Colleague: 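Below is a structure I'd like to ask you about.
Naming: A, B, ... by sequence-line order, numbering from 1 per chain. As a basis for the values below, the full set of heavy atoms in this structure was taken, side chains included, without hydrogen atoms, waters or symmetry mates.
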Amino acid sequence: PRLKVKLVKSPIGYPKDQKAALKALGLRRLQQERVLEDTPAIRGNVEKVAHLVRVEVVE
Amino acid sequence: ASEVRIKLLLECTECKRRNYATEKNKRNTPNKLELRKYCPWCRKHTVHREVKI
Amino acid sequence: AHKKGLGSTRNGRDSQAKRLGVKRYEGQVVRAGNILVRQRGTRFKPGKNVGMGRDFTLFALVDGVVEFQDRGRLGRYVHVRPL
Amino acid sequence: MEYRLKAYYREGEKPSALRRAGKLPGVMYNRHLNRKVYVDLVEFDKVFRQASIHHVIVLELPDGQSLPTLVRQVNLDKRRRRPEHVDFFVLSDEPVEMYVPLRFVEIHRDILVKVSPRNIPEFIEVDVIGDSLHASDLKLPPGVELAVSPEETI
Amino acid sequence: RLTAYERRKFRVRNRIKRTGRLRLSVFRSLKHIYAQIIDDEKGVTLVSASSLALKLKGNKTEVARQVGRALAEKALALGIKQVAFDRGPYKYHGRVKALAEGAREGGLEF
Amino acid sequence: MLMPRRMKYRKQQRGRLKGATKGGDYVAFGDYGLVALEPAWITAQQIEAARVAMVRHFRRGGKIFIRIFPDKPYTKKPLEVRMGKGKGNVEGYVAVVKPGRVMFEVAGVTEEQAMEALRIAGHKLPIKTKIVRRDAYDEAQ
RNA sequence: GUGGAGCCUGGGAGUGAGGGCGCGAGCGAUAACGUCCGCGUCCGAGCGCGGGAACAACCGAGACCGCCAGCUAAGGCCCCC
RNA sequence: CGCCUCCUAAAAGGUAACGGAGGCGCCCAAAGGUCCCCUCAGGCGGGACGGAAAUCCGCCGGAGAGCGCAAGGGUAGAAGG
RNA sequence: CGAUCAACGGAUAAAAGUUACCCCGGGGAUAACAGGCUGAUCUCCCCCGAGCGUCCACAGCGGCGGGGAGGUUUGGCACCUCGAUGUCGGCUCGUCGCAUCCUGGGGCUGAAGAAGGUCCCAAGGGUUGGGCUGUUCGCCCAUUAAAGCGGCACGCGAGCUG
RNA sequence: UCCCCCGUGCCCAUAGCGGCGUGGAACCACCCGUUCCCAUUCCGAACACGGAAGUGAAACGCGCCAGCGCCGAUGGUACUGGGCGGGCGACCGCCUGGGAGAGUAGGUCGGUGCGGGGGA
Ligand SMILES: [Mg+2]
Ligand SMILES: [Mg+2]
Ligand SMILES: [Mg+2]
Ligand SMILES: [Mg+2]
Ligand SMILES: [Mg+2]
Ligand SMILES: [Mg+2]
Ligand SMILES: [Mg+2]
Ligand SMILES: [Mg+2]
Ligand SMILES: [Mg+2]
Ligand SMILES: [Mg+2]
Ligand SMILES: [Mg+2]
Ligand SMILES: [Mg+2]
Ligand SMILES: [Mg+2]
Ligand SMILES: [Mg+2]
Ligand SMILES: [Mg+2]
Ligand SMILES: [Mg+2]
Ligand SMILES: [Mg+2]
Ligand SMILES: [Mg+2]
Ligand SMILES: [Mg+2]
Ligand SMILES: [Mg+2]
Ligand SMILES: [Mg+2]
Ligand SMILES: [Mg+2]
Ligand SMILES: [Mg+2]
Ligand SMILES: [Mg+2]
Ligand SMILES: [Mg+2]
Ligand SMILES: [Mg+2]
Ligand SMILES: [Mg+2]
Ligand SMILES: [Mg+2]
Ligand SMILES: [Mg+2]
Ligand SMILES: [Mg+2]
Ligand SMILES: [Mg+2]
Ligand SMILES: [Mg+2]
Ligand SMILES: [Mg+2]
Ligand SMILES: [Mg+2]
Ligand SMILES: [Mg+2]
Ligand SMILES: [Mg+2]
Ligand SMILES: [Mg+2]
Ligand SMILES: [Mg+2]
Ligand SMILES: [Mg+2]
Ligand SMILES: [Mg+2]
Ligand SMILES: [Mg+2]
Ligand SMILES: [Mg+2]
Ligand SMILES: [Mg+2]
Ligand SMILES: [Mg+2]
Ligand SMILES: [Mg+2]
Ligand SMILES: [Mg+2]
Ligand SMILES: [Mg+2]
Ligand SMILES: [Mg+2]
Ligand SMILES: [Mg+2]
Ligand SMILES: [Mg+2]
Ligand SMILES: [Mg+2]
Ligand SMILES: [Mg+2]
Ligand SMILES: [Mg+2]
Ligand SMILES: [Mg+2]
Ligand SMILES: [Mg+2]
Ligand SMILES: [Mg+2]
Ligand SMILES: [Mg+2]
Ligand SMILES: [Mg+2]
Ligand SMILES: [Mg+2]
Ligand SMILES: [Mg+2]
Ligand SMILES: [Mg+2]
Ligand SMILES: [Mg+2]
Ligand SMILES: [Mg+2]
Ligand SMILES: [Mg+2]
Ligand SMILES: [Mg+2]
Ligand SMILES: [Mg+2]
Ligand SMILES: [Mg+2]
Ligand SMILES: [Mg+2]
Ligand SMILES: [Mg+2]
Ligand SMILES: [Mg+2]
Ligand SMILES: [Mg+2]
Ligand SMILES: [Mg+2]
Ligand SMILES: [Mg+2]
Ligand SMILES: [Mg+2]
Ligand SMILES: [Mg+2]
Ligand SMILES: [Mg+2]
Ligand SMILES: [Mg+2]
Ligand SMILES: [Mg+2]
Ligand SMILES: [Mg+2]
Ligand SMILES: [Mg+2]
Ligand SMILES: [Mg+2]
Ligand SMILES: [Mg+2]
Ligand SMILES: [Mg+2]
Ligand SMILES: [Mg+2]
Ligand SMILES: [Mg+2]
Ligand SMILES: [Mg+2]
Ligand SMILES: [Mg+2]
Ligand SMILES: [Mg+2]
Ligand SMILES: [Mg+2]
Ligand SMILES: [Mg+2]
Ligand SMILES: [Mg+2]
Ligand SMILES: [Mg+2]
Ligand SMILES: [Mg+2]
Ligand SMILES: [Mg+2]
Ligand SMILES: [Mg+2]
Ligand SMILES: [Mg+2]
Ligand SMILES: [Mg+2]
Ligand SMILES: [Mg+2]
Ligand SMILES: [Mg+2]
Ligand SMILES: [Mg+2]
Ligand SMILES: [Mg+2]
Ligand SMILES: [Mg+2]
Ligand SMILES: [Mg+2]
Ligand SMILES: [Mg+2]
Ligand SMILES: [Mg+2]
Ligand SMILES: [Mg+2]
Ligand SMILES: [Mg+2]
Ligand SMILES: [Mg+2]
Ligand SMILES: [Mg+2]
Ligand SMILES: [Mg+2]
Ligand SMILES: [Mg+2]
Ligand SMILES: [Mg+2]
Ligand SMILES: [Mg+2]
Ligand SMILES: [Mg+2]
Ligand SMILES: [Mg+2]
Ligand SMILES: [Mg+2]
Ligand SMILES: [Mg+2]
Ligand SMILES: [Mg+2]
Ligand SMILES: [Mg+2]
Ligand SMILES: [Mg+2]
Ligand SMILES: [Mg+2]
Ligand SMILES: [Mg+2]
Ligand SMILES: [Mg+2]
Ligand SMILES: [Mg+2]
Ligand SMILES: [Mg+2]
Ligand SMILES: [Mg+2]
Ligand SMILES: [Mg+2]
Ligand SMILES: [Mg+2]
Ligand SMILES: [Mg+2]
Ligand SMILES: [Mg+2]
Ligand SMILES: [Mg+2]
Ligand SMILES: [Mg+2]
Ligand SMILES: [Mg+2]
Ligand SMILES: [Mg+2]
Ligand SMILES: [Mg+2]
Ligand SMILES: [Mg+2]
Ligand SMILES: [Mg+2]
Ligand SMILES: [Mg+2]
Ligand SMILES: [Mg+2]
Ligand SMILES: [Mg+2]
Ligand SMILES: [Mg+2]
Ligand SMILES: [Mg+2]
Ligand SMILES: [Mg+2]
Ligand SMILES: [Mg+2]
Ligand SMILES: [Mg+2]
Ligand SMILES: [Mg+2]
Ligand SMILES: [Mg+2]
Ligand SMILES: [Mg+2]
Ligand SMILES: [Mg+2]
Ligand SMILES: [Mg+2]
Ligand SMILES: [Mg+2]
Ligand SMILES: [Mg+2]
Ligand SMILES: [Mg+2]
Ligand SMILES: [Mg+2]
Ligand SMILES: [Mg+2]
Ligand SMILES: [Mg+2]
Ligand SMILES: [Mg+2]
Ligand SMILES: [Mg+2]
Ligand SMILES: [Mg+2]
Ligand SMILES: [Mg+2]
Ligand SMILES: [Mg+2]
Ligand SMILES: [Mg+2]
Ligand SMILES: [Mg+2]
Ligand SMILES: [Mg+2]
Ligand SMILES: [Mg+2]
Ligand SMILES: [Mg+2]
Ligand SMILES: [Mg+2]
Ligand SMILES: [Mg+2]
Ligand SMILES: [Mg+2]
Ligand SMILES: [Mg+2]
Ligand SMILES: [Mg+2]
Ligand SMILES: [Mg+2]
Ligand SMILES: [Mg+2]
Ligand SMILES: [Mg+2]
Ligand SMILES: [Mg+2]
Ligand SMILES: [Mg+2]
Ligand SMILES: [Mg+2]
Ligand SMILES: [Mg+2]
Ligand SMILES: [Mg+2]
Ligand SMILES: [Mg+2]
Ligand SMILES: [Mg+2]
Ligand SMILES: [Mg+2]
Ligand SMILES: [Mg+2]
Ligand SMILES: [Mg+2]
Ligand SMILES: [Zn+2]
């Protein structure tokens, strides 16, 4: 499957490692949506910013 | 070092070059030091005597 | 405006930090001469292909891979495994 | 003795959830078994306040078993002064170490004793600045072992 | 609580093991003497020799020298050449010393 | 009043007051006890005030147990000085007391007498307190 | 993991008075818009924008330009509004 | 006011204040190299002078002794004698 | 090999003071006034009831301890002001707070009356003239219903004094 | 292969301390001696050599016993990375992931590698 990830809450005011996680996922703007592979590596970064993000399992 | 604990040179008894610096306590060991030591000039071990530094 | 007299401290001193500790961890590739451990006393003991300097410093004798080993009352050992 | 108390089984139900709904989380165990249980707090409180760790409590399990237990451990919540957890020790034929109350005919309310479960007493009589006795000299009603050191001061 | 006997045995052996050579260990009883060459890395014995196995009797020292020769004979045959002599709790003297002499005589290197 | 007979170190850093008491949370000796509801540094003079209150209520009767000891040095700079120039002088001793701690216990006195005594004692303390009675819960610990 | 990532060589700098807040300690008085460090953050340089009556650093959010279009965030929905 | 040790220091390293505590500015010709051998303090019991404590004997005693000097680390399977 | 170059990365081989006779360049990066933050100390109010009060804890008192309020004291801190915020007291001129000195209204009293003590309500008005000291304050004299205590940049020097 | 003994390792007290019991053909120890090698700050105690009458008393090996020591869950709790709230504060609470220490049940009077000697 794949993880569809949506930035819904600004990284401003949050630790830099959390900002870097967004960048690893390729999330640059609010409300932006990205579909990534459900690998353990990608999953770790999604879960790091779980408080900033909305995730839906797709296909 | 101190007044009692002095610095000193070791002179090769054969060719007379000083080859080593070291120290001793001249109250504990008032005799001039004599030690076998490799002498770089003579290229062999030689008795070395204490000499004033 | 009254400025009442103050005393002082006899304590201000402390010494430079010595950066002690393990410098190479298990599974790390090291070259002969590499320092593995900086320590005070034999907190860690030398094992296979590991030497100890005058100040208890552990280092590698051969090119190899570092391995640690806990041996209870015998103590803790750092080895180097040839590659 | 003796007292009876309803008990139930649990698995993955959260301890905080159980306690919030008036239930006391617990475990019952011995050499042969170990089970995650819970009892009703207000009911347990009624029994334990008389049973304590001195007298037998029979757990009527939902599966019909009526198991003989001693309370071995009660973890309190230091802040609120309320029990958080109970340890029910399942009795069987083998001898058990336990505390048995003392009646003076006092540094020790009770005494530690290795007694067979069949033979569990409910009393031990002690005949009565700063004179005192040392457990060694005690009554000892048959099937009972001093589980301390006779040096111990009562 | 350790005995001076054990401490001595631990002390000379520990020093020996560090060199990493095969360990020619020697046991000396009131009647007999035993020798086994040991790989401490594998914890395995490669070759052995003893007065008891060779059924020798006589002067204990002369017997020691012989079991030494015996050990070396089997030793070189297996390709073994170098070794570290482990006197353990024993002084380097007499029976133990004679055995070492026999092993050297036989062609062992140490 | 109470203080350490001798010490390894004269001054201690202030530190923290997080959490419930480590222990001392159950009745150990007497029949009735006073338990703390809030964290504080309880002073030696506070402890002695509470004790002597209890002592007077009993007309020297009964037994009083004090289950906290002031071993923490309390330091204060002299009046009207400036910051710096080293740590202030030790001026007293306190006992760190966290919620749930049994500070005092009494025994050998009537329930009415213990309750009132422990109430008067509570009034000498800079924290909210509770009066408790020995329980099976206590004796089980 | 392709990012105004990273590494190497060299040209140009500026900076070397910080500050508020959260958490962890020391000093202080379990004082200070107090002081000294640590991890983080924001203001600094975002005194641009919404909310908080007003208000650098609290909450929301990173302003390329235009629109008399739409959805939301904190916060709000009795009138001022 | 330089240097050493411990803590502060937030379980890698590093980390401040006129924060909490100490020490160094020497020493050793054996207190250095190597080989061989040896094992402590303390406790009870026993023993002329002889004591709390001199030296002698026995039992127990894994390290609480010792390692020139502060502190820490290390250490009798010795670095101690 | 000669450094307490110990201010220990060590300005010269070689060095102490005073300035109210002072000067310039700077700083509110840093003190003194005032404000601010804080409230240790200060002023005031409470909680507890050991004791006092011949008897009687609470008329009047309140051991040891506990909790607060205020921001008039001394301070802590160094945040606007050092291209200037004139710094004590007095005089004049007010104005406000109330934790009330007097006058008005009360409860309790260990209130017979009269006169007092204590607490509650009350800020409308009032709250003297002198001797000493720069003094604020204080003590004193003679009175008085009383001779209140604090804020206003320790109110007020583009209003005076000095 | 299985049992015993002798060496020698490994795990590092579940192996230890104590209380019992057991073993001498073999092996090992003590033992018999101190001429010889070697040895004692004195001592053949130790180290060492030459032995083989005796005993398993000591030591060692092997069994038993849970008094001590040592090990030690499950359950629950403390604390906490990350995400959120509350309190004037001292401090408190919720979510998700991690999760002790103490104590309770209980367990242990060792396990195993290589070589040698003996026995079935
Ligand atoms: Mg945000
Ligand atoms: Mg934000
Ligand atoms: Mg946020
Ligand atoms: Mg966050
Ligand atoms: Mg990170
Ligand atoms: Mg955006
Ligand atoms: Mg978008
Ligand atoms: Mg992470
Ligand atoms: Mg030299
Ligand atoms: Mg010398
Ligand atoms: Mg030489
Ligand atoms: Mg030359
Ligand atoms: Mg000389
Ligand atoms: Mg001032
Ligand atoms: Mg002033
Ligand atoms: Mg000083
Ligand atoms: Mg340093
Ligand atoms: Mg340090
Ligand atoms: Mg390390
Ligand atoms: Mg070396
Ligand atoms: Mg491994
Ligand atoms: Mg362990
Ligand atoms: Mg290895
Ligand atoms: Mg029923
Ligand atoms: Mg209770
Ligand atoms: Mg209850
Ligand atoms: Mg028990
Ligand atoms: Mg022969
Ligand atoms: Mg022989
Ligand atoms: Mg050997
Ligand atoms: Mg502090
Ligand atoms: Mg205090
Ligand atoms: Mg303090
Ligand atoms: Mg200070
Ligand atoms: Mg202080
Ligand atoms: Mg406490
Ligand atoms: Mg109170
Ligand atoms: Mg009650
Ligand atoms: Mg690129
Ligand atoms: Mg960039
Ligand atoms: Mg860049
Ligand atoms: Mg340029
Ligand atoms: Mg600059
Ligand atoms: Mg600078
Ligand atoms: Mg700076
Ligand atoms: Mg910064
Ligand atoms: Mg800073
Ligand atoms: Mg700074
Ligand atoms: Mg802050
Ligand atoms: Mg917070
Ligand atoms: Mg600190
Ligand atoms: Mg600041
Ligand atoms: Mg602050
Ligand atoms: Mg602070
Ligand atoms: Mg910051
Ligand atoms: Mg700037
Ligand atoms: Mg911003
Ligand atoms: Mg920014
Ligand atoms: Mg702004
Ligand atoms: Mg503005
Ligand atoms: Mg700005
Ligand atoms: Mg705004
Ligand atoms: Mg606004
Ligand atoms: Mg604002
Ligand atoms: Mg802004
Ligand atoms: Mg601000
Ligand atoms: Mg928020
Ligand atoms: Mg952004
Ligand atoms: Mg932009
Ligand atoms: Mg944009
Ligand atoms: Mg809409
Ligand atoms: Mg909304
Ligand atoms: Mg309006
Ligand atoms: Mg409006
Ligand atoms: Mg409207
Ligand atoms: Mg660290
Ligand atoms: Mg480093
Ligand atoms: Mg000094
Ligand atoms: Mg030395
Ligand atoms: Mg020597
Ligand atoms: Mg004696
Ligand atoms: Mg004599
Ligand atoms: Mg020691
Ligand atoms: Mg000293
Ligand atoms: Mg000097
Ligand atoms: Mg300098
Ligand atoms: Mg100079
Ligand atoms: Mg310097
Ligand atoms: Mg330096
Ligand atoms: Mg010069
Ligand atoms: Mg000169
Ligand atoms: Mg000069
Ligand atoms: Mg001059
Ligand atoms: Mg002048
Ligand atoms: Mg003049
Ligand atoms: Mg002039
Ligand atoms: Mg003049
Ligand atoms: Mg001039
Ligand atoms: Mg001039
Ligand atoms: Mg001038
Ligand atoms: Mg000027
Ligand atoms: Mg100027
Ligand atoms: Mg300033
Ligand atoms: Mg400056
Ligand atoms: Mg100033
Ligand atoms: Mg002035
Ligand atoms: Mg000022
Ligand atoms: Mg100023
Ligand atoms: Mg002013
Ligand atoms: Mg000021
Ligand atoms: Mg101003
Ligand atoms: Mg205040
Ligand atoms: Mg206040
Ligand atoms: Mg105050
Ligand atoms: Mg009040
Ligand atoms: Mg009365
Ligand atoms: Mg009376
Ligand atoms: Mg008073
Ligand atoms: Mg107070
Ligand atoms: Mg207050
Ligand atoms: Mg107060
Ligand atoms: Mg003010
Ligand atoms: Mg002030
Ligand atoms: Mg500052
Ligand atoms: Mg100015
Ligand atoms: Mg101007
Ligand atoms: Mg101007
Ligand atoms: Mg001007
Ligand atoms: Mg002007
Ligand atoms: Mg001025
Ligand atoms: Mg006025
Ligand atoms: Mg009023
Ligand atoms: Mg009136
Ligand atoms: Mg009136
Ligand atoms: Mg009258
Ligand atoms: Mg009247
Ligand atoms: Mg009245
Ligand atoms: Mg009025
Ligand atoms: Mg007025
Ligand atoms: Mg006149
Ligand atoms: Mg006048
Ligand atoms: Mg006057
Ligand atoms: Mg004034
Ligand atoms: Mg005056
Ligand atoms: Mg009147
Ligand atoms: Mg007047
Ligand atoms: Mg003022
Ligand atoms: Mg004025
Ligand atoms: Mg004025
Ligand atoms: Mg003027
Ligand atoms: Mg004026
Ligand atoms: Mg003017
Ligand atoms: Mg003006
Ligand atoms: Mg004048
Ligand atoms: Mg004039
Ligand atoms: Mg064996
Ligand atoms: Mg092995
Ligand atoms: Mg036996
Ligand atoms: Mg037997
Ligand atoms: Mg035996
Ligand atoms: Mg035999
Ligand atoms: Mg026989
Ligand atoms: Mg002879
Ligand atoms: Mg035996
Ligand atoms: Mg056991
Ligand atoms: Mg026993
Ligand atoms: Mg445990
Ligand atoms: Mg658990
Ligand atoms: Mg958590
Ligand atoms: Mg958190
Ligand atoms: Mg959690
Ligand atoms: Mg969890
Ligand atoms: Mg878990
Ligand atoms: Mg555990
Ligand atoms: Mg406990
Ligand atoms: Mg349990
Ligand atoms: Mg068993
Ligand atoms: Mg065992
Ligand atoms: Mg074994
Ligand atoms: Mg067995
Ligand atoms: Mg074995
Ligand atoms: Mg075998
Ligand atoms: Mg066989
Ligand atoms: Mg066979
Ligand atoms: Zn020469």
Colleague: Go through H:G22, J:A105, H:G73 for me and flag the one nearest to the D:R72 side chain.
Modeller: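 In terms of side-chain proximity for D:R72, the closest of H:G22, J:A105, H:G73 is J:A105.
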Colleague: Name the closest nucleotide to the C:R19 side chain, picking from H:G13, H:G72, H:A29.
Modeller: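 For the C:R19 side chain, the nearest candidate turns out to be H:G13.
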Colleague: Are OP1 or OP2 of J:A13 and a side-chain N or O of C:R73 less than 4.0 angstrom apart?
Modeller: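 Answer no for this pair, as no side-chain N or O of C:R73 is under 4.0 Å from OP1 or OP2.
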Colleague: Hey, could you give me the CD1/CG distance between E:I37 and E:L46, rounded to the nearest 0.5 Å?
Modeller: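 It is 7.5 Å, given to the nearest 0.5 Å.
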Colleague: Enumerate all atom pairs, one protein N or O and one N or O from nucleotides 38-43 of chain H, separated by less than 3.5 Å.
Modeller:
from	atom 1	to	atom 2	distance (Å)
H:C38	OP1	E:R8	NH1	2.4
H:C38	OP2	E:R8	NH1	3.3
H:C38	OP2	E:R11	NH2	3.4
H:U39	OP2	E:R7	NH2	2.6

Colleague: Using atom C1' in both nucleotides, what's the gap between G:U30 and G:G18 to the nearest angstrom?
Modeller: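 The answer is 29 Å between these two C1' atoms.
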Colleague: When the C1'-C2'-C3'-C4' sign is the only test used, does the sugar of G:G46 come out north or south?
Modeller: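 Torsion sign negative, so south.
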Colleague: Using a strict 4.0 Å threshold on nitrogen-to-oxygen distance, state whether E:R65 and E:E101 make a salt bridge.
Modeller: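 Judged by the 4.0 Å cut-off on N to carboxylate O distance, E:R65 and E:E101 do form a salt bridge.
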Colleague: Which way does the sugar of I:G62 pucker, north or south, judged by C1'-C2'-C3'-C4'?
Modeller: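 Negative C1'-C2'-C3'-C4' torsion, south pucker.
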Colleague: Applying a 4.0 Å non-hydrogen cut-off, can you work out what C:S8 is touching in the nucleic acid: base, sugar-phosphate, or nothing?
Modeller: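 Result for C:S8 = nothing.
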Colleague: So that I can tick it off, tell me whether E:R23 and E:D39 are bridged by a salt bridge, with the cut-off set at under 4.0 angstrom between side-chain N and carboxylate O.
Modeller: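 Not counted as a salt bridge, because no side-chain N and carboxylate O are separated by less than 4.0 Å.
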Colleague: Given that F:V52 and F:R119 both sit by RNA chain I, which one's nearest nucleotide is further toward the 5' end?
Modeller: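 Its nucleotide being nearer the 5' end, the pick is F:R119.
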Colleague: Are E:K9 and E:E6 ion-paired here, with the side-chain N under 4.0 Å from a carboxylate O?
Modeller: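 No salt bridge links E:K9 with E:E6.
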Colleague: Return yes if the base of J:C37 and the side-chain atoms of E:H93 contain a donor-acceptor N/O pair under 3.5 Å, otherwise no.
Modeller: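 Per atom types, the contact qualifies.
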Colleague: May I ask you to say what D:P15 touches in the nucleic acid, namely base, sugar-phosphate or nothing, with a heavy-atom cut-off under 4.0 Å?
Modeller: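 If one applies the 4.0 Å heavy-atom cut-off, D:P15 turns out to touch the sugar-phosphate alone, with no base involved.
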Colleague: Would E:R28 and E:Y34 count as a cation-pi pair here, with the cationic atom under 6.0 angstrom from the ring centre and within 45° of the axis?
Modeller: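 No, cation not above the ring by the 6.0 Å, 45° rule.
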Colleague: Just curious, I:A34 north or south if you read off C1'-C2'-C3'-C4'?
Modeller: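 Pucker flag: north.
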Colleague: Using the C1' atom on both, measure I:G134 against I:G65 and round to a whole Å.
Modeller: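 Rounded to whole Å, the distance is 48 Å.
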Colleague: Tell me if I:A99 is syn or anti. Syn = glycosidic torsion within 90° of 0, anti otherwise.
Modeller: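 Glycosidic conformation of I:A99: syn.
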Colleague: Assign D:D77 to base, sugar-phosphate, or nothing according to its heavy-atom contacts below 4.0 angstrom with the strands shown.
Modeller: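 D:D77: no heavy atom of the nucleic acid under 4.0 Å.
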Colleague: Mind checking if F:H57 touches a base, just sugar-phosphate, or nothing, with heavy atoms under 4.0 Å?
Modeller: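 No contact.
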Colleague: Can you check whether F:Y74 has a side-chain N or O nearer than 4.0 Å to OP1 or OP2 of G:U30?
Modeller: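 Affirmative; the distance criterion is met.
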Colleague: Classify the side chain of F:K124 versus the base of I:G63 as yes if they form a donor-acceptor pair under 3.5 Å and no if they do not.
Modeller: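 Such a pair exists between side chain and base.
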Colleague: With syn defined as a glycosidic torsion within 90 degrees of 0 and anti otherwise, which applies to H:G61?
Modeller: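 H:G61: anti.
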Colleague: Return the 5'-most residue of the pair A:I12, F:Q13 with respect to RNA chain G, ranking by each residue's nearest nucleotide.
Modeller: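 Upstream on the strand: F:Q13.
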Colleague: In terms of side-chain geometry, is the basic nitrogen of B:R49 or B:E34 positioned less than 4.0 Å from the acidic oxygen of its partner?
Modeller: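 Salt bridge between B:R49 and B:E34, a charged N being under 4.0 Å from a carboxylate O: yes.
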Colleague: What nucleotide among J:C28, H:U75, J:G103 has an atom nearest to a side-chain atom of D:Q73?
Modeller: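 The nucleotide sitting nearest to the side chain is J:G103.
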Colleague: Determine the Euclidean distance between corresponding P atoms of H:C60 and H:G74; express it in Å to zero decimal places.
Modeller: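 Approximately 31 Å lies between the P atom of H:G74 and that of H:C60.
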Colleague: As a test of reading torsions: judging only by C1'-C2'-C3'-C4', is the sugar of H:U39 on the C3'-endo (north) or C2'-endo (south) side?
Modeller: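 A south sugar, the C1'-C2'-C3'-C4' torsion of H:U39 being less than zero.
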Colleague: Can you tell me whether the base of I:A11 sits syn or anti, using the 90° cut around 0 to define syn?
Modeller: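 Chi for I:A11 falls in the syn range.
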Colleague: Considering every strand shown, what is the Watson-Crick or G-U wobble mate of J:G50 when both distances are under 3.5 Å?
Modeller: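 Matched J:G50 with J:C32 under the 3.5 Å cut-off.
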Colleague: Using 30° and 60° as the class limits, which term best fits the ring planes of A:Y14 and A:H51: parallel, tilted or perpendicular?
Modeller: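 Geometry flag for A:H51 against A:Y14: tilted rings.
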Colleague: Just to verify, which of B:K37, B:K24, B:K26 counts as forming a salt bridge (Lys or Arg N to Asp or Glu O under 4.0 Å) with B:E50?
Modeller: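 By the salt bridge (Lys or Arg N to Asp or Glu O under 4.0 Å) criterion, B:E50 pairs with just one of B:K37, B:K24, B:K26: B:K24.
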Colleague: Quick one: classify the glycosidic conformation of I:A158 as syn or anti, with syn meaning within 90° of 0.
Modeller: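 This nucleotide is in anti.
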Colleague: Side chain of E:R13, heavy atoms from C-beta onward: which of J:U77, H:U5, J:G9 has the nearest atom to it?
Modeller: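 Ranking J:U77, H:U5, J:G9 by closest atom to the E:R13 side chain puts J:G9 first.
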Colleague: Would you say E:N59 places a side-chain N or O within less than 4.0 Å of OP1 or OP2 belonging to J:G50?
Modeller: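 Checking J:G50 against E:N59, a side-chain N or O does come within under 4.0 Å of OP1 or OP2.
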Colleague: Searching all strands shown, indicate the nucleotide that pairs with H:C28 (Watson-Crick or G-U wobble; both distances under 3.5 Å).
Modeller: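 For H:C28, the partner nucleotide comes out as none, under the 3.5 Å rule.
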Colleague: Separation of E:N14 atom CG from H:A79 atom P, in whole Å?
Modeller: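 Computing the E:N14:CG to H:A79:P distance gives 11 Å.
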Colleague: For H:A76, does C1'-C2'-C3'-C4' say north (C3'-endo side) or south (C2'-endo side)?
Modeller: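 Positive torsion, so north.
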